[PDB]
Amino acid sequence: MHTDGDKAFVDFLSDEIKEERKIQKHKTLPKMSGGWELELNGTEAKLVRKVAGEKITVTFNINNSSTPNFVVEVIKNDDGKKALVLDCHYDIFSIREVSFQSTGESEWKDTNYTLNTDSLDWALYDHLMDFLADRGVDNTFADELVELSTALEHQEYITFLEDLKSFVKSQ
């Protein structure tokens, strides 16, 4: 179908898309420094950084986030099939869960001991924060991830409006 409502919808989308793009004529993905490389898979983003004997990965999804929860994976080259995984949330940025997981695991193994920080020693919590900082994951990184996630969100929103326009226009 292609009702009158659908046609008014399309005109509305044409206008909104025009305005959104106007607000995006002088804007590009806020690059982050520190050796990080960005990889995108739909709404899932991954930041990868290599250091002496280690590989650090930060994953986040922009859906319903823009301050997206992010997962930090630290892999020491000694044992490349194992990694320390820290689930972080947004008082600026905090570690919510910590556990060891198998690298490139097809899924998540909920049978691996998972430390919840809700009931955790303050000293242990702080060392974990220090551990992440030594590897480039600190407040600055977190502030910059928010800016990036927000920018990715607005561009995917625009893409979405266009997909919606084509859809409502079809048939």
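All residue numbers are counted from 1 along the displayed sequence.
In this entry, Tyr90 is separated from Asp91 by 10 or more residues of the deposited sequence that have no coordinates.
In the deposited entry, the stretch joining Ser65 to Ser66 is interrupted by 10 or more residues of the deposited sequence lacking coordinates.
Comparing 151 to 159 with 13 to 21, the higher mean C-alpha B-factor in the PDB entry belongs to 13 to 21.
When the two stretches 133 to 141 and 39 to 47 are set side by side, the higher mean Cα temperature factor goes to 39 to 47. Taking only the listed residues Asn61, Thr57, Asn112, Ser106, the entry reports the highest CA temperature factor at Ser106. In the deposited entry, the Cα temperature factor of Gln171 places it in the highest third of its chain's modelled residues. Among all modelled residues in this chain, the alpha-carbon of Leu128 has a temperature factor (C-alpha) in the lowest third.
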